[PDB]
């Protein structure tokens, strides 16, 4: 046996867009949110859009980054959904184009089995304005889904992907069940199931 379910981080497991929250601390939230929206709608190349948004955070003090991170709250039904999923024999993972500093926290908190995300480069207690990681390429999340499944010896037909943006496309491509959670048109068009109510528990009826 064994099943696997992956979630994107921003706006799915948590209620906010990490990059937008941090940008708010840098006084550049209007340009960043506009770019985030375009990126998730699939109107921009993900990597380029992320490097462009992170560049605007150059020199931001880590204390500032932390204030933004502290504002990150879990999406309604998050804890309950994860608990029931583990109950049904699922390996639970979070794969995000976001940042480890924020994602690892929810991994710790919710007790997730796997967490993959990019990294904000920091030096002298301040962001350098650069980002690196393996969740940048268009095919990134899909390779990660496959890699986690291979490690676990889980068949792709037994994998579930829950996303909300353009960069979740490659994840859907390899997932057995594709669920778009309060997502952008570009991803909804590719989903087996579209959920419009902001409650992660809404996915459970379709799970297992």
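Numbering follows the first chain given and starts at 1.
- Higher mean CA temperature factor between 5-13 and 190-198: 190-198, per the PDB entry.
- Taking the PDB entry as given, 62-70 carries the higher mean Cα B factor of the two stretches 136-144 and 62-70.
- Among 47, 30, 164, 38, the highest C-alpha B-factor in the deposited entry belongs to 30.
- Among 93, 78, 127, 103, the highest C-alpha B-factor in the deposited entry belongs to 78.
- Per-chain ranking of the deposited C-alpha B factor places residue 26 in the highest third.
- For residue 179, the recorded CA temperature factor ranks within the lowest third of the chain's modelled residues.
- In the deposited entry, the Cα temperature factor of residue 154 places it in the middle third of its chain's modelled residues.
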